[PDB]
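Quick note: residue numbers are just sequence positions, from 1. Whatever order the structure lists them in is the order used to number ligands and atoms, beginning at 1.
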Amino acid sequence: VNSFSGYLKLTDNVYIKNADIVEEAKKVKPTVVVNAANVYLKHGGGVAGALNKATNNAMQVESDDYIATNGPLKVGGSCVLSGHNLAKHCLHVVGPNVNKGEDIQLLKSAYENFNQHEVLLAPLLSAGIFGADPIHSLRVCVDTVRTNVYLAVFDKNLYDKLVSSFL
Ligand SMILES: Cc1nc(Cn2cnc(N)c3ncnc2-3)cs1
């Protein structure tokens, strides 16, 4: 048993809910929240800007020290940093940004990072302002992640579309 509530079950291991990932993290305090990061860990908008704002910018301060030491992530890569006030850990995962001309084939590599964690609260990678088709992102998630993933979709209209179209 875990503390996640109100999720639709898609598969053996994938669950989904219409909720802001920020509001879900505050309520659950999961072991791992996934950030939809970029390679610079510059948390401007989408899930990164919203998560970072909820940490009072502590996520960005920690992230800048990480980049100063290690350099940028790879597209498709990740790093584990603090979850601050939202979670034990934040897994910063870089999905391809379609709008940036980033290769969509890297989305599977991005979701493979989730398999290093038994349970995660996560957004749909490369969706929203990263420009990918969210229906595709959900399919790659279900076909790639083997650990237990609780997906938060903030947009009501997108949630209803993802559920109705899910095979
Ligand atoms: C770059 C990306 N944006 C989203 C959409 N999205 C944006 N803002 C939030 N606070 C969200 N919580 C859940 N999903 C959210 C997915 S990936």
Do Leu81 and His92 touch side chain to side chain, with heavy atoms closer than 4.5 Å?
yes

Would you indicate whether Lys100, at its atom NZ, is surrounded by more than 12 heavy atoms from other residues, nucleotides or ligands within a distance under 6.0 Å?
yes

What is the ring orientation for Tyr15 with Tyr150, classed by angle as parallel under 30°, tilted 30 to 60°, or perpendicular over 60°?
parallel

Acceptor/donor pairs from residues 128-138 side chains to any protein atom, 3.5 angstrom cut, sequence neighbours excluded:
unit_1 : atom_1 : unit_2 : atom_2 : d
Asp133 : OD1    : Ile135 : N      : 3.0
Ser137 : OG     : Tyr111 : OH     : 2.7
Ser137 : OG     : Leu125 : N      : 3.4
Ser137 : OG     : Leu125 : O      : 2.6

Does the side chain of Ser5 come within less than 4.5 Å of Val28's, by heavy atoms?
no

Measure the shortest side-chain to side-chain distance between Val61 and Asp65 over non-hydrogen atoms and say whether it is less than 4.5 angstrom.
no

Ligand 1: which protein N/O atoms lie under 3.5 Å from its N/O atoms?
unit_1   : atom_1 : unit_2 : atom_2 : d
ligand 1 : 10 (N) : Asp20  : OD1    : 2.7
ligand 1 : 12 (N) : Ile21  : N      : 2.9

